[PDB]
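So this one's work_29.cif, mmCIF, C-alpha atoms; chains and numbers go by the auth columns:
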data_query
#
loop_
_atom_site.group_PDB
_atom_site.id
_atom_site.type_symbol
_atom_site.label_atom_id
_atom_site.label_comp_id
_atom_site.label_asym_id
_atom_site.label_seq_id
_atom_site.Cartn_x
_atom_site.Cartn_y
_atom_site.Cartn_z
_atom_site.B_iso_or_equiv
_atom_site.auth_seq_id
_atom_site.auth_asym_id
ATOM 1 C CA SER A 1 30.743 33.684 -0.758 0.00 37 A
ATOM 2 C CA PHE A 2 31.523 30.486 -2.674 0.00 38 A
ATOM 3 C CA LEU A 3 31.430 26.652 -1.976 0.00 39 A
ATOM 4 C CA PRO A 4 34.060 23.987 -1.123 0.00 40 A
ATOM 5 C CA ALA A 5 31.593 21.386 -2.475 0.00 41 A
ATOM 6 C CA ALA A 6 31.315 23.002 -5.921 0.00 42 A
ATOM 7 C CA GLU A 7 33.789 21.138 -8.114 0.00 43 A
ATOM 8 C CA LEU A 8 34.032 20.825 -11.908 0.00 44 A
ATOM 9 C CA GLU A 9 35.042 17.425 -13.269 0.00 45 A
ATOM 10 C CA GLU A 10 35.278 16.156 -16.887 0.00 46 A
ATOM 11 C CA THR A 11 36.035 12.450 -17.229 0.00 47 A
ATOM 12 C CA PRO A 12 36.425 11.505 -20.908 0.00 48 A
ATOM 13 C CA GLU A 13 32.754 10.507 -21.052 0.00 49 A
ATOM 14 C CA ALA A 14 31.113 13.817 -20.097 0.00 50 A
ATOM 15 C CA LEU A 15 31.594 17.349 -18.830 0.00 51 A
ATOM 16 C CA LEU A 16 30.159 17.117 -15.303 0.00 52 A
ATOM 17 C CA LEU A 17 30.583 18.998 -11.973 0.00 53 A
ATOM 18 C CA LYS A 18 29.267 18.693 -8.406 0.00 54 A
ATOM 19 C CA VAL A 19 27.113 21.307 -6.707 0.00 55 A
ATOM 20 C CA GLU A 20 26.220 21.904 -3.062 0.00 56 A
ATOM 21 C CA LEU A 21 22.621 22.870 -3.623 0.00 57 A
ATOM 22 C CA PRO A 22 21.079 20.880 -0.685 0.00 58 A
ATOM 23 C CA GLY A 23 17.310 20.688 -0.152 0.00 59 A
ATOM 24 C CA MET A 24 15.579 22.912 -2.774 0.00 60 A
ATOM 25 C CA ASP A 25 12.866 21.421 -4.825 0.00 61 A
ATOM 26 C CA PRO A 26 12.972 22.321 -8.517 0.00 62 A
ATOM 27 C CA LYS A 27 11.398 25.604 -7.417 0.00 63 A
ATOM 28 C CA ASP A 28 14.460 26.510 -5.387 0.00 64 A
ATOM 29 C CA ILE A 29 17.202 26.023 -8.000 0.00 65 A
ATOM 30 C CA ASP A 30 17.773 27.339 -11.533 0.00 66 A
ATOM 31 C CA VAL A 31 20.134 26.369 -14.355 0.00 67 A
ATOM 32 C CA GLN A 32 20.605 28.526 -17.448 0.00 68 A
ATOM 33 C CA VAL A 33 23.134 28.523 -20.291 0.00 69 A
ATOM 34 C CA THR A 34 23.882 31.894 -21.841 0.00 70 A
ATOM 35 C CA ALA A 35 26.476 31.713 -24.612 0.00 71 A
ATOM 36 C CA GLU A 36 28.136 28.403 -23.520 0.00 72 A
ATOM 37 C CA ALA A 37 27.966 29.831 -19.985 0.00 73 A
ATOM 38 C CA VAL A 38 26.172 27.531 -17.538 0.00 74 A
ATOM 39 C CA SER A 39 24.732 29.462 -14.576 0.00 75 A
ATOM 40 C CA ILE A 40 24.367 28.432 -10.904 0.00 76 A
ATOM 41 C CA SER A 41 21.587 30.208 -8.981 0.00 77 A
ATOM 42 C CA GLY A 42 19.171 29.241 -6.194 0.00 78 A
ATOM 43 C CA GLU A 43 17.800 29.920 -2.699 0.00 79 A
ATOM 44 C CA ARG A 44 16.362 27.802 0.127 0.00 80 A
ATOM 45 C CA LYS A 45 13.031 29.292 1.248 0.00 81 A
ATOM 46 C CA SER A 46 11.945 29.456 4.861 0.00 82 A
ATOM 47 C CA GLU A 47 11.129 26.065 6.348 0.00 83 A
ATOM 48 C CA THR A 48 8.000 27.408 8.084 0.00 84 A
ATOM 49 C CA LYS A 49 7.669 24.489 10.474 0.00 85 A
ATOM 50 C CA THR A 50 5.945 25.514 13.740 0.00 86 A
ATOM 51 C CA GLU A 51 6.205 29.292 13.988 0.00 87 A
ATOM 52 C CA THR A 52 6.898 28.879 17.722 0.00 88 A
ATOM 53 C CA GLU A 53 9.542 26.055 17.997 0.00 89 A
ATOM 54 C CA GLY A 54 13.235 26.871 18.590 0.00 90 A
ATOM 55 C CA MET A 55 16.522 27.792 16.814 0.00 91 A
ATOM 56 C CA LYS A 56 19.022 26.997 19.618 0.00 92 A
ATOM 57 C CA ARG A 57 21.718 26.186 17.099 0.00 93 A
ATOM 58 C CA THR A 58 20.435 27.435 13.741 0.00 94 A
ATOM 59 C CA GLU A 59 23.848 27.864 11.988 0.00 95 A
ATOM 60 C CA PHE A 60 21.973 27.443 8.684 0.00 96 A
ATOM 61 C CA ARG A 61 22.324 30.765 6.847 0.00 97 A
ATOM 62 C CA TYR A 62 21.872 29.608 3.287 0.00 98 A
ATOM 63 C CA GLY A 63 20.903 31.991 0.508 0.00 99 A
ATOM 64 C CA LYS A 64 21.554 32.751 -3.193 0.00 100 A
ATOM 65 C CA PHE A 65 24.467 32.293 -5.542 0.00 101 A
ATOM 66 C CA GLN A 66 25.198 33.498 -9.091 0.00 102 A
ATOM 67 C CA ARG A 67 27.925 31.117 -10.286 0.00 103 A
ATOM 68 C CA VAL A 68 28.714 30.092 -13.798 0.00 104 A
ATOM 69 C CA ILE A 69 32.044 28.498 -14.877 0.00 105 A
ATOM 70 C CA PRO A 70 33.569 28.632 -18.382 0.00 106 A
ATOM 71 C CA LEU A 71 33.638 25.561 -20.613 0.00 107 A
ATOM 72 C CA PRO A 72 36.012 24.167 -23.308 0.00 108 A
ATOM 73 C CA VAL A 73 33.200 23.584 -25.787 0.00 109 A
ATOM 74 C CA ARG A 74 29.958 25.187 -26.926 0.00 110 A
ATOM 75 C CA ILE A 75 27.031 23.386 -25.358 0.00 111 A
ATOM 76 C CA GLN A 76 23.665 22.033 -26.485 0.00 112 A
ATOM 77 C CA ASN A 77 20.637 23.135 -24.495 0.00 113 A
ATOM 78 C CA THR A 78 18.720 19.982 -25.416 0.00 114 A
ATOM 79 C CA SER A 79 20.925 16.843 -25.405 0.00 115 A
ATOM 80 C CA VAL A 80 22.008 17.667 -21.833 0.00 116 A
ATOM 81 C CA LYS A 81 20.250 16.109 -18.826 0.00 117 A
ATOM 82 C CA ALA A 82 19.098 17.684 -15.566 0.00 118 A
ATOM 83 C CA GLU A 83 18.479 15.887 -12.294 0.00 119 A
ATOM 84 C CA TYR A 84 18.694 16.892 -8.660 0.00 120 A
ATOM 85 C CA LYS A 85 18.496 14.111 -6.018 0.00 121 A
ATOM 86 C CA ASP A 86 19.053 13.513 -2.287 0.00 122 A
ATOM 87 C CA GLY A 87 20.495 16.904 -1.399 0.00 123 A
ATOM 88 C CA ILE A 88 22.833 17.439 -4.402 0.00 124 A
ATOM 89 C CA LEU A 89 22.538 18.855 -7.916 0.00 125 A
ATOM 90 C CA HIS A 90 23.844 17.025 -10.950 0.00 126 A
ATOM 91 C CA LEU A 91 23.643 18.386 -14.497 0.00 127 A
ATOM 92 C CA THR A 92 26.095 16.557 -16.768 0.00 128 A
ATOM 93 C CA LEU A 93 27.019 18.432 -19.971 0.00 129 A
ATOM 94 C CA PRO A 94 28.529 15.568 -22.003 0.00 130 A
ATOM 95 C CA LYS A 95 30.658 16.382 -25.059 0.00 131 A
ATOM 96 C CA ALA A 96 31.448 15.151 -28.606 0.00 132 A
ATOM 97 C CA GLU A 97 33.607 12.266 -29.756 0.00 133 A
ATOM 98 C CA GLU A 98 37.275 13.333 -30.059 0.00 134 A
ATOM 99 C CA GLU A 99 40.381 11.136 -30.336 0.00 135 A
#
Let me see whether you can do it: turn the structure in this file into structure tokens.
Amino acid sequence: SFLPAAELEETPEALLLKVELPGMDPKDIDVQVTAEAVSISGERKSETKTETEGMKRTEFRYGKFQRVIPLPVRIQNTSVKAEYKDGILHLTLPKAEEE
């Protein structure tokens, strides 16, 4: 399956995109570029709370995802920043200065 909350922007001041990668410490996501091809990939591990509590409504079947998305420009592994915050992933591939 895919996501409705996975959208690729590109205001004039960076190549960005939003990702619905909620709750998944750095050890639960992964971001690779492979020939200007930025990869989406992750999985939420078991929240091993109290192994005896309940799951009444547990509608929470999250797993793994091998997304990419083509770009208009060859990237730069370095220059680009990486930060996940309160439930969302944000890696902004900026660009180069063009009229």
Residues matched by the PyMOL selection byres ((chain A and resi 64) around 12) as a PDB file with C-alpha atoms, in the frame of the given file:
ATOM      1  CA  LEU A  57      22.621  22.870  -3.623  1.00  0.00           C
ATOM      2  CA  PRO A  58      21.079  20.880  -0.685  1.00  0.00           C
ATOM      3  CA  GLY A  59      17.310  20.688  -0.152  1.00  0.00           C
ATOM      4  CA  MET A  60      15.579  22.912  -2.774  1.00  0.00           C
ATOM      5  CA  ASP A  61      12.866  21.421  -4.825  1.00  0.00           C
ATOM      6  CA  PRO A  62      12.972  22.321  -8.517  1.00  0.00           C
ATOM      7  CA  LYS A  63      11.398  25.604  -7.417  1.00  0.00           C
ATOM      8  CA  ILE A  65      17.202  26.023  -8.000  1.00  0.00           C
ATOM      9  CA  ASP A  66      17.773  27.339 -11.533  1.00  0.00           C
ATOM     10  CA  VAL A  67      20.134  26.369 -14.355  1.00  0.00           C
ATOM     11  CA  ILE A  76      24.367  28.432 -10.904  1.00  0.00           C
ATOM     12  CA  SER A  77      21.587  30.208  -8.981  1.00  0.00           C
ATOM     13  CA  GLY A  78      19.171  29.241  -6.194  1.00  0.00           C
ATOM     14  CA  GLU A  79      17.800  29.920  -2.699  1.00  0.00           C
ATOM     15  CA  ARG A  80      16.362  27.802   0.127  1.00  0.00           C
ATOM     16  CA  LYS A  81      13.031  29.292   1.248  1.00  0.00           C
ATOM     17  CA  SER A  82      11.945  29.456   4.861  1.00  0.00           C
ATOM     18  CA  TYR A  98      21.872  29.608   3.287  1.00  0.00           C
ATOM     19  CA  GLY A  99      20.903  31.991   0.508  1.00  0.00           C
ATOM     20  CA  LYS A 100      21.554  32.751  -3.193  1.00  0.00           C
ATOM     21  CA  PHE A 101      24.467  32.293  -5.542  1.00  0.00           C
ATOM     22  CA  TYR A 120      18.694  16.892  -8.660  1.00  0.00           C
ATOM     23  CA  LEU A 125      22.538  18.855  -7.916  1.00  0.00           C
TER      24      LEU A 125
END
Practice problem: Fewer than 3 positions away in the same chain doesn't count, so skip those; otherwise give me all residues within 8 Å of residue A:55, counting all atoms listed in the file, as a PyMOL selection string. | Solution: chain A and resi 41-43+124-126
Practice problem: Could you jot down the atom CA of residue A:129 to atom CA of residue A:116 separation for me, Å, one decimal place? | Solution: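 Going from atom CA of residue A:129 over to atom CA of residue A:116 covers 5.4 Å.
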Quiz item: What gap, in Å, lies between atom CA of residue A:104 and atom CA of residue A:74?
Solution: 5.2 Å
Quiz item: In Å, with one decimal, what is the gap from atom CA of residue A:95 to atom CA of residue A:121?
Solution: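 Rounded to one decimal, the two atoms are 23.3 Å apart.
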Edge lengths and centre in Å to one decimal, as JSON, of the axis-aligned box that encloses all listed atoms of stretch 116-128 of chain A with 5 Å added on every side?
{"center_x": 22.3, "center_y": 16.2, "center_z": -11.6, "size_x": 17.6, "size_y": 15.3, "size_z": 30.4}
Mind completing stretch 96-114 of chain A with N, CA and C atoms? Output as a PDB file, in the frame of the given file, please?
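Once written, selection02.pdb looks like this:
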ATOM      1  N   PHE A  96      22.421  27.975   9.969  1.00  0.00           N
ATOM      2  CA  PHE A  96      21.973  27.443   8.684  1.00  0.00           C
ATOM      3  C   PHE A  96      21.648  28.554   7.698  1.00  0.00           C
ATOM      4  N   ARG A  97      22.555  29.529   7.605  1.00  0.00           N
ATOM      5  CA  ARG A  97      22.324  30.765   6.847  1.00  0.00           C
ATOM      6  C   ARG A  97      22.638  30.537   5.367  1.00  0.00           C
ATOM      7  N   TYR A  98      21.751  29.806   4.714  1.00  0.00           N
ATOM      8  CA  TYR A  98      21.872  29.608   3.287  1.00  0.00           C
ATOM      9  C   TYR A  98      21.058  30.665   2.559  1.00  0.00           C
ATOM     10  N   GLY A  99      21.507  30.986   1.347  1.00  0.00           N
ATOM     11  CA  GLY A  99      20.903  31.991   0.508  1.00  0.00           C
ATOM     12  C   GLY A  99      21.151  31.718  -0.959  1.00  0.00           C
ATOM     13  N   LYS A 100      21.539  32.749  -1.731  1.00  0.00           N
ATOM     14  CA  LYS A 100      21.554  32.751  -3.193  1.00  0.00           C
ATOM     15  C   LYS A 100      22.960  32.929  -3.744  1.00  0.00           C
ATOM     16  N   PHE A 101      23.144  32.503  -4.993  1.00  0.00           N
ATOM     17  CA  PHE A 101      24.467  32.293  -5.542  1.00  0.00           C
ATOM     18  C   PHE A 101      24.379  32.384  -7.053  1.00  0.00           C
ATOM     19  N   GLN A 102      25.221  33.226  -7.657  1.00  0.00           N
ATOM     20  CA  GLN A 102      25.198  33.498  -9.091  1.00  0.00           C
ATOM     21  C   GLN A 102      26.536  33.064  -9.687  1.00  0.00           C
ATOM     22  N   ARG A 103      26.704  31.746  -9.804  1.00  0.00           N
ATOM     23  CA  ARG A 103      27.925  31.117 -10.286  1.00  0.00           C
ATOM     24  C   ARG A 103      27.716  30.712 -11.723  1.00  0.00           C
ATOM     25  N   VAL A 104      28.815  30.505 -12.419  1.00  0.00           N
ATOM     26  CA  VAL A 104      28.714  30.092 -13.798  1.00  0.00           C
ATOM     27  C   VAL A 104      29.718  28.971 -14.077  1.00  0.00           C
ATOM     28  N   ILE A 105      30.924  29.356 -14.499  1.00  0.00           N
ATOM     29  CA  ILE A 105      32.044  28.498 -14.877  1.00  0.00           C
ATOM     30  C   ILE A 105      32.190  28.415 -16.396  1.00  0.00           C
ATOM     31  N   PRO A 106      33.329  28.827 -16.948  1.00  0.00           N
ATOM     32  CA  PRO A 106      33.569  28.632 -18.382  1.00  0.00           C
ATOM     33  C   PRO A 106      33.831  27.172 -18.756  1.00  0.00           C
ATOM     34  N   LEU A 107      33.571  26.883 -20.024  1.00  0.00           N
ATOM     35  CA  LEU A 107      33.638  25.561 -20.613  1.00  0.00           C
ATOM     36  C   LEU A 107      34.710  25.500 -21.712  1.00  0.00           C
ATOM     37  N   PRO A 108      35.168  24.305 -22.103  1.00  0.00           N
ATOM     38  CA  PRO A 108      36.012  24.167 -23.308  1.00  0.00           C
ATOM     39  C   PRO A 108      35.286  24.060 -24.632  1.00  0.00           C
ATOM     40  N   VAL A 109      33.974  23.893 -24.606  1.00  0.00           N
ATOM     41  CA  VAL A 109      33.200  23.584 -25.787  1.00  0.00           C
ATOM     42  C   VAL A 109      31.855  24.261 -25.665  1.00  0.00           C
ATOM     43  N   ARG A 110      31.343  24.732 -26.808  1.00  0.00           N
ATOM     44  CA  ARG A 110      29.958  25.187 -26.926  1.00  0.00           C
ATOM     45  C   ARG A 110      28.986  24.052 -26.648  1.00  0.00           C
ATOM     46  N   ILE A 111      27.931  24.383 -25.912  1.00  0.00           N
ATOM     47  CA  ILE A 111      27.031  23.386 -25.358  1.00  0.00           C
ATOM     48  C   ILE A 111      25.872  23.081 -26.292  1.00  0.00           C
ATOM     49  N   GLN A 112      24.945  22.238 -25.815  1.00  0.00           N
ATOM     50  CA  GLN A 112      23.665  22.033 -26.485  1.00  0.00           C
ATOM     51  C   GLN A 112      22.545  21.994 -25.455  1.00  0.00           C
ATOM     52  N   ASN A 113      21.701  23.014 -25.473  1.00  0.00           N
ATOM     53  CA  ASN A 113      20.637  23.135 -24.495  1.00  0.00           C
ATOM     54  C   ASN A 113      19.876  21.834 -24.325  1.00  0.00           C
ATOM     55  N   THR A 114      19.490  21.225 -25.442  1.00  0.00           N
ATOM     56  CA  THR A 114      18.720  19.982 -25.416  1.00  0.00           C
ATOM     57  C   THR A 114      19.470  18.772 -24.849  1.00  0.00           C
TER      58      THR A 114
END
